[PDB]
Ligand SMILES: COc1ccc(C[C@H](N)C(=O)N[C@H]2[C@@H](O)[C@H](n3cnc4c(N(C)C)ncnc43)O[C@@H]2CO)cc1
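Before any questions on binding or motion, here is one chain by itself as C-alpha cells, the form deposited without the ligand.
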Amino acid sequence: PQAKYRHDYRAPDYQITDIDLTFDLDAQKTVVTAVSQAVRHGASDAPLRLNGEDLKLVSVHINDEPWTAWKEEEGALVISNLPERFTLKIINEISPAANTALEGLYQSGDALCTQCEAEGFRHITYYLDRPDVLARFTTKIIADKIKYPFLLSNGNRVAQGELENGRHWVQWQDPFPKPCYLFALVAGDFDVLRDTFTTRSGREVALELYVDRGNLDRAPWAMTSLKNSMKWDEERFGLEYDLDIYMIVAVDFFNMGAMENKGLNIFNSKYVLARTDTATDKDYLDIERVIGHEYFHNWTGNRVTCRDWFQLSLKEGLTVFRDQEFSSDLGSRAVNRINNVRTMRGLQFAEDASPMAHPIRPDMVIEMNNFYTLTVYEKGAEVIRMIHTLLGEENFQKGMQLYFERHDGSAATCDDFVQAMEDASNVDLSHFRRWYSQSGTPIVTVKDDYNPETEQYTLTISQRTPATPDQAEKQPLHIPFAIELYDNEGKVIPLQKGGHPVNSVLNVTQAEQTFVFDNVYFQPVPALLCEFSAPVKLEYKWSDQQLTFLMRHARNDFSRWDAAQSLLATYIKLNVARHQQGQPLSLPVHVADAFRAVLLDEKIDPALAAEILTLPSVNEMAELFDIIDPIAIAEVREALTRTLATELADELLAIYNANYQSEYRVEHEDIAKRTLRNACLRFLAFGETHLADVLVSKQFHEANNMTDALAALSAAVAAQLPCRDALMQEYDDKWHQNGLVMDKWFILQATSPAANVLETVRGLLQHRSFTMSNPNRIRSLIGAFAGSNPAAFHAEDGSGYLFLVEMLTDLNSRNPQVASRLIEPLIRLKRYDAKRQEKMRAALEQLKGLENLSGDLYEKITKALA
C-alpha cells in the first residue's frame, strides 16, 4: 500500500459536471449505468483516470461510441485519446450481498444502503472519486416492488414508474453539485415518521425518518432533535436548510455513527432509536448531538466541501465545534465542556502520544479511513474553539459569513477557512496556522511570583511540544491562555498593567514569556487555562489548598471541576506508586473533606456536583503516567472509590435519597439530579456489602427508565455484588432480542473487574445476541474489552493480546475499518513495561504476517513496529 502526500495535491485533469445514474438493484447482482458529462482541464494528451474497486466492467462508451482506447489497472480505469468535452457511459456490476466491509453499496438486514465517505463511491462505479470534483446527480433506481417498496436517493423525486415482473422505479434529482462521497441510495421496506419544519424565511421542509418496521415507537426523539438542530442553526449561525425534504434512514449495520449525505442522511440506529425503557440519558443526548452533527454538515461539509481528504478537519473540526455549541446551548454548557475536556485529555492526548500521531491536517495518509480520528474531530474542534476564543462570537460569525460568501458551492481548504476568519476579524492568525501543521500535545509550564512591595503578580509561561514519531521538528504555537486571579475572599482581581485593563486571554506565542500585572492588591490564587482555553498539558505547582479554594470559589463551573481533577491527580499518582510497592491507599483527610463539602453544598448545580463526584476514568488516569501500569490504575481507582464510599457513606446516602425523582423526564434539570444520584449510587455500591446489594438490586427492579436500571446493573458488576449474576441474567432474558439494548450488557461484561472476564468474553462470542457480522456488537464486546478494560487486556500472561489477534485475524478479512478501530489498543505498546511491550510486539508481528493484510491494518502496524 502506497502513502499519499498532502504536498502532492494537483487540480484534476478532467472535471465531471453532471452524472446520471441508473441502478438495476438486486442483492446478488446490481447493474450500475453511469452517464457522466466530462470536461478536460489538463493537457490535451492527458488520459482520464477513473477510480474503481471490485467492479465488473461491462462496457465503456464515449459519446455513445464503444471505446477501444482504455485499460484497466490496479484500482483504475484509464481512458485515452478523449475530446475536450464528452459523454462518458460506464456500465458495471457489483454485488451488495458480498460486501462485508460495509463501504459502497451493501446490505443492512433486508435493506440495501450506501456508505461513500471517504472513497466508497469507487466501489459502486468507475469515477473521479475525489472531493474537488463536484457534479449534479440524478439517480434512477429500479427494484423489486415487494422487497424494496421505498427507493431513496439525494434530493427530490422527479419521476416514477411501474414495470413488468413486479418491478418499479423512482428517479431523484439533487440540484446542488456535490462530490461523490455525499451520494446516497437506500432501498427497503420501512416505517416512516413524517413531520414538517418551517424555516425562518418560510420554506416548509418535509422531514422523513425511515426506521425498520416496528420501530416507530422509538423515532420521535430523533425527529424532535432534528427540528431542534434546524432551529438552533438558524438562531446561532443564521443558516437555513436549502432543500424541500430532509430524509434520515436508521440502519443496524454501519461502521461509524452517521453520515451527512445531502438530504438523505444514513444513521447507525444507535444514534436514532430511543424509548425511555431502552435508552439512557446519555443515549438521548448522543442522539441529539449526532442528529445535530449531521445536520450541521449541510453547510459545513456539503455547501462548502473539502478540496482533498487532507482537509478533513475543515468540515469535521468545525462540525464537531458546532455540535458541541448546540449541545451546550440547549443543555448544560459546563457538563458539555467537562465531558469534551475528559475526551481530549484522556483519549486524544493518548493518540497524540502514539505512533499514529498526526496534525489535524495530516501530511501523509495510506488509508484515509484511518484518519477519522480523535485528533481530526476533537482536537480539530479545540482549534476552531481557539479561533472563537481569539475572535469572540461576533467576529467569529463574521468569519463564518465570509467563509460561506467566498466558498459556497466549492471544495475548500483548512487554510481558506483560517483566511476567512483572519480577513473578517482583522485578527492575525498567521502564527495560529501552525496548529494545523504540528502534531503532539504542547506542555505549558507556569511559574509565578507575587511582589508585595510593588503589588505586582508575574507569570512566567513556557511551552514545548515533545517530538512525535511523525515530526522531529516542533515550534512554539499561538496558545490562547485564559486566566483569572482571586483574592482571599474569592473575588476576581481586575487584570491591568500601567493603568490599562489587560485581556484575560494571554497570547502565549513564545518558547518563554513573562506577563506582569499591576494593582494586584492581595497575593492571588490563579485559575489557569480557564475553560481549557487551549488543548495543552498544564504544569503548575498547585498546593492542595489553592485547589480546594478554587473548588469553592472559582466563577466558572468548569474551573471548579478542573481544580478537583488536579487535586485528584496528585493522589492518583501517589497511590499508583504505592500499589507498585504493595502498599494500601493513602489519602489526606483534607482531600476527602473537599468532596464531602461538594456533596453537602446546597448552592452548587447538581450537574457540576455529579461531574466532580465522577472519578477520572482508567483512560484519563493513564495519561498521568509516562509508563502505564493498567493493573495499578484499575486497582487504585477501585480503592479510591471504596475509601470515599466509607468516608462519605452518610452524606452519599442522604444525597442519593434527596435526588429521587418519581417522574422520568429527558430534561436538563432532571438529568442533572439523576446524574448526581447515580454518581452517589456508584460509591454506595462500594460500601458495606449488604446495604450496597440492597440499594443496587432495589434500584434495578424499581427503575422506571433505563438510565436508573443500567446505573444499578453497572454498579452491581463493578463492585461484584451478590445480586450481580441474577440481575445480568434478568437483563439478558428481557432484552436479548434487542441488539442496541444488549450492547449495554456486552459492555458491562467486557469491562467487568471479575477475575474470569476474558473467559466470559470469549464465551459471549457464542451469545444469542452477538454476531461478528454487526459492527455495533463487535465494538460493544470486543472493542470494549480491549479499549475499556486495559487491566484485563494487559493481563500479564498476554492472554488479552492473543484474544485480540484472533478477533483481528477474522476482521482484517471481514471488515478492515472495524479491524483498524479495534487494533488501536495494541499500537500503544511503547507506553507499557518491557515485558508487555515484547508480547504486544509479538502480536503485531503475527498480524503483519497475515495473508491479505488490509491497508487499514498495514498502516497502523508498520507505525507501531517502527
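Numbers follow the displayed sequence, beginning with 1.
For the pair 519-527 and 408-416, the record assigns the higher mean C-alpha temperature factor to 519-527. With 210-218 and 738-746 compared on mean CA B-factor from the PDB entry, the stretch scoring higher is 210-218. When the Cα B-factors of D308, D329, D708, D626 are read from the PDB record, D626 comes out highest. Within the group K178, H123, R674, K147, the record's highest C-alpha temperature factor is found at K147. Split the chain's modelled residues into thirds by C-alpha temperature factor. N815 is in the lowest one. Among the modelled residues of its chain, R385 has a C-alpha B-factor that falls in the lowest third according to the deposited record. In this PDB entry, the Cα temperature factor of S108 sits in the middle third of its chain's modelled residues. In the PDB entry, a CA B factor belonging to the highest third of its chain's modelled residues is recorded for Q160. Per-chain ranking of the deposited C-alpha B factor places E851 in the highest third.
Just so you know, the form deposited with the ligand bound exists too; it's not on screen, but the next bit is about it.
The ligand is not drawn, but in the deposited bound form it has no heavy atom within 4.5 Å of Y664.
Not displayed here, the ligand is approached by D286 to within 4.5 Å at the level of heavy atoms in the deposited bound form. Interface membership of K178, defined by any non-hydrogen atom within 4.5 Å of the ligand in the deposited bound form, is ruled out. For the chain shown alone, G787 is a contact residue for the ligand in the deposited bound form, at least one non-hydrogen atom being within 4.5 angstroms. Interface residue among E378, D743, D129, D352, judged by heavy atoms within 4.5 Å of the ligand in the deposited bound form: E378. For the residues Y372, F770, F625, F150, the 4.5 Å heavy atom test against the ligand in the deposited bound form is passed only by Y372.
Screening 549-557, 340-348, 187-195, 656-664 for residues having heavy atoms within 4.5 Å of the ligand in the deposited bound form returns a single hit, 340-348. Within 4.5 Å of the ligand in the deposited bound form, a heavy atom is found for none of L50, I91 and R122.
In the deposited bound form, the ligand lies within 4.5 angstroms of at least one heavy atom of each of the following residues of 313-333: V320, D323, in sequence order.
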